[PDB]
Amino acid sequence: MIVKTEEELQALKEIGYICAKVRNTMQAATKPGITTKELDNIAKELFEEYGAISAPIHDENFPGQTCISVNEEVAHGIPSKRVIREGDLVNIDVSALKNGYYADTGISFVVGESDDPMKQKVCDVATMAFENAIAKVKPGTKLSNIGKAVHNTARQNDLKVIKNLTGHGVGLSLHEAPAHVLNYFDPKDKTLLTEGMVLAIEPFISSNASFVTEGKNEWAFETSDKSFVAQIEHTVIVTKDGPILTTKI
């Protein structure tokens, strides 16, 4: 959506804070021995506490408050009896709505220590990709400058991007214009960012695979070569004075 009122801005900040709080709380509780459903239950209780509603459930009838994706799973993992183990690469993606406004945020991290430093590496680079992407965000700038930054960041670190997963406009729903925020540069795109535009920027950085496929169920996205993939997502408002991240505390 395009923000036009201070009341809209406040509503977006409110739901962004809630999603960030939930994301942080879940991440802190992610340790060997907890199940992903147990992690999802935390979101259930906090959403209730803060008067928010799961976007996955509301918008997509997703069977879970949040999406928790582990190891082979890159996105849209279904919270379940799956137990977290030492070294797991975990992505927690929290999206919700309150009073008609939405936020969408996500983080990939490593549980304890893995025997392969690549798991942390994709997390480090996804974080850098996001930072590099938002440095480009201002009214009048090309949307493609986001993907350009993400892919350049990946190349600088001998890594790849997931080409078939993207960001998206957000605010009054989980998906609105721009339809797609790519992780790479499309030279034919003339789409510009404008004042008040609200975007979900979610770079996916991969150890090898350049795309995801259907996973173990109708929701989860995976890679058949079990690449390690990290995502960092925030909800961002494009303003003249710089980007406002509703989902950063």
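Numbering starts at 1 and follows the sequence shown.
Chemist: Test of understanding: from the entry's C-alpha B-factors, which stretch has the higher mean, 236-244 or 18-26?
Modeler: Comparing averages over the C-alpha atoms only gives 236-244.
Chemist: Mean CA temperature factor from the deposited coordinates, higher in 60-68 or in 208-216?
Modeler: Looking at the record's C-alpha B-factors, the answer is 208-216.
Chemist: Using only the C-alpha B-factors in the record, can you name which of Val137, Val90, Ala75, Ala103 has the highest?
Modeler: Going by the entry's C-alpha B-factors, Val137 comes out highest.
Chemist: Choose from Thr153, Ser108, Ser80, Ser114 the residue with the greatest Cα B-factor as stated in the PDB record.
Modeler: Within the set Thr153, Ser108, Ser80, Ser114, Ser114 shows the top C-alpha B-factor.
Chemist: Once the chain's modelled residues are ordered by C-alpha B factor and cut into thirds, is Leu174 in the lowest, middle or highest one?
Modeler: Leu174: CA B-factor falls in the highest third of its chain.
Chemist: Quick check on the deposited entry: does the C-alpha B-factor of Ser144 sit in the lowest, middle or highest third of its chain?
Modeler: As the PDB entry reports it, the C-alpha B-factor of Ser144 lands in the highest third of its chain.
Chemist: Ranked by Cα temperature factor within the chain, is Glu48 in the lowest third, the middle third or the highest third?
Modeler: For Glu48, whose C-alpha B-factor we compare with every modelled residue in the chain, the answer is the highest third.
Chemist: Would you mind checking where the Cα B-factor of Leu39 ranks among the modelled residues of its chain, as the lowest, middle or highest third?
Modeler: Its C-alpha B-factor, which the entry lists for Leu39, ranks in the lowest third among residues of this chain.
Chemist: Would you mind checking where the Cα B-factor of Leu9 ranks among the modelled residues of its chain, as the lowest, middle or highest third?
Modeler: It falls in the top third of the chain.
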